[PDB]
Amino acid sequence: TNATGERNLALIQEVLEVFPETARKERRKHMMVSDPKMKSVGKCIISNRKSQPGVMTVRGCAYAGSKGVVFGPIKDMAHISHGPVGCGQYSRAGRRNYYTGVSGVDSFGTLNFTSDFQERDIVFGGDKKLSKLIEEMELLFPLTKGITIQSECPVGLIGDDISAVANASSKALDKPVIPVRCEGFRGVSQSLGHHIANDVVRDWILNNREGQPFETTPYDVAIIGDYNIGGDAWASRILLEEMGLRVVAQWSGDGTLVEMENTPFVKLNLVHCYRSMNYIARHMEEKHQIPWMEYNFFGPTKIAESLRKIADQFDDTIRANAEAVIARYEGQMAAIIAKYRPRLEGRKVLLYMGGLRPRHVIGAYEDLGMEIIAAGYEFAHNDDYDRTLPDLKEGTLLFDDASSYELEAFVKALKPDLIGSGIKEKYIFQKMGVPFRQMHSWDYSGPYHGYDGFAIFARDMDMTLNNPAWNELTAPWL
């Protein structure tokens, strides 16, 4: 490797010395230094393994991947957190999966519906409770289009059968009632919750409009895997529609049951979050013959590559329209680079997020002249580390499912100028004196997708990195 790669390999050794022997040898396979000549990780990194016990992992659970990530955003369906009170309460309106609608009337995403298990439900089961629950929902929330049952840990453990309830209630209401077995003890992270959720979509939602008329056009697409964080999906859809495409569905940020049911009639599925929705894209390819392609709308280099590749799947009218759209926003891109690139270039960044963003935002940082010196994921799989490899400079630290301890030790030693990570990391690193941006919630700003997002992104990196407070951590007599 180069002198950075060597420094990083000795840093790895120095950080893992604290772990007990079992753990230490296991955690060594979850880090590596990048080599621009390698196209797949091979044996250099393992991932999607069970978390070491007691290390203070950042990971969440299957319910978080399914209720929190995939189903939660669908605004026209009421989603029931089925179990004890805690889960739906902690996850109530914490993710900024934006939508428009009349809350509690035609849109239900910020309400927390729950069966609130008491001890009696544990002992006698919660199926009669769930069936009565759904009847009370239909009376009080008549405009739902559909209802989802998100299982919390105890549901599978006490032997309940939610598929029987859903079936019986769906006949009774005459609306889809969808059962999800996303108990938090399954899998190792949010990742299996994604997989479970796509598999439910496959069986309970996606075939619902099979055989039925739909007026199609040649330019029909679906946005797959974009949860509209801060309105990211909207800032993306605007460019697709300006290119001449018709966005028939968005999954699932500002997403509806209806749009998902119409997805099988599209001409092309556009996957932003590979990790969470590749499963359903793959299945629609196989069953419906709908091709799919990954794209990246973070930063001007990636947007223009994506617009051209997407347009290339159609014909000359949409290829011309891609060129026009790029040309229309070139003056805004140039003004953003002229204003903010000088304020940020040269600076080093460390990224640590879930399953997509750690690689996907790198071109946007690189358009602002910033360099990524370490990148990790919480719960990505080896195919995600493979897709990260083209975007890393030689000798970059690349890591998986790091403990708080590891992250702290990596930051102390690497001394990034900026860190992008989640709410559980933010306040530790600000106390260390390291500028930090929340790269899951956009630190309550965004969107960061698309041409409109890039402006916000550049403003926000500049705001935090160059804030005048960063010079005051040390008292002047110290």
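The first residue of the sequence shown is number 1, and the count goes up from there.
Asker: On mean Cα temperature factor in this entry, is 41-49 or 66-74 the higher one?
Answerer: For C-alpha atoms only, the mean B-factor is higher in 41-49.
Asker: So which stretch wins on mean C-alpha B-factor, 292-300 or 314-322?
Answerer: Looking at the recorded C-alpha B-factors, 314-322 comes out higher on average.
Asker: So among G193, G363, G354, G156, who wins on Cα B-factor in the entry?
Answerer: Out of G193, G363, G354, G156, the record gives the largest C-alpha B-factor to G156.
Asker: For the CA B factor values reported in this entry, which option in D203, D254, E406, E345 has the top one?
Answerer: Highest C-alpha B-factor among the listed residues goes to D203.
Asker: Report the third (lowest, middle or highest) to which the CA temperature factor of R341 belongs, ranking only the modelled residues of the same chain.
Answerer: Within its chain, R341 is a lowest-third residue by C-alpha B-factor, going by the deposited values.
Asker: Can you work out whether the C-alpha temperature factor of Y274 puts it in the lowest, middle or highest third of the chain?
Answerer: For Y274, whose C-alpha B-factor we compare with every modelled residue in the chain, the answer is the middle third.
Asker: Taking the C-alpha B-factors as the PDB entry records them, is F379 in the lowest, middle or highest third of its chain?
Answerer: Middle third by C-alpha B-factor.
Asker: Taking only the Cα B-factors deposited for this chain, tell me whether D199 sits in the lowest, middle or highest third.
Answerer: Its C-alpha B-factor belongs to the highest third of this chain's values.
Asker: So where's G126 on the chain's Cα temperature factor ranking, which third?
Answerer: Within its chain, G126 is a highest-third residue by C-alpha B-factor, going by the deposited values.
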